[PDB]
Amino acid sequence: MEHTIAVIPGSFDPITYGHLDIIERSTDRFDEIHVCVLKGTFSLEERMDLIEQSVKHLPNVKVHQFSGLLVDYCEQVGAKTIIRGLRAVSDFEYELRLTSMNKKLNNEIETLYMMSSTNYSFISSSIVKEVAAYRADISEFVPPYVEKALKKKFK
């Protein structure tokens, strides 16, 4: 096993414990992990900062951004794996299109799906921002820094 790099894509708007769980479960399986923000409630720089403060405890996790094909990013940084989470509330056909296309564009990159834990298998950033907008207790869905920002925004 040479030096392995895995990219965990998303628009992380914002990053939730759901995403965070996938990142943490991945750190010990690749030498290098890149959380890449591609393609909104929070600005791009805002979202990177939120991810950053949320993964300070994970030394091998980098936070970068990219505009363009995710596969081009992977080819640039030498990443050969794309990590995606599979949840009960996932859009299966959407995942099929997305991943099948990435495979066509560059098959030297494998997308690996990790199934979400039962407690995060039902949330998404949308539903979370929604209840946050109505000032519900959201400490269960997002890390401290993110919750602080969401509240700040939806005050």
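Sequential numbering from 1, following the sequence displayed.
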Looking at the deposited sequence, how many residues between residue 39 and residue 40 were given no coordinates in the entry: none, 1 to 3, 4 to 9, or 10 or more?
4 to 9
Selected stretch [higher average CA B-factor]: 116-124 or 60-68:
60-68
Taking the deposited Cα B-factors and averaging over 7-15 and over 134-142, the higher mean is found in 134-142
Split into thirds by Cα B-factor across the chain's modelled residues, where does residue 83 land: lowest, middle or highest?
lowest
Chain thirds by Cα B factor, record data; residue 26 belongs to the middle
If you rank every modelled residue in this chain by C-alpha B factor, which third holds residue 100: lowest, middle or highest?
lowest
Is the Cα B-factor recorded for residue 43 in the lowest, middle or highest third of its chain?
highest
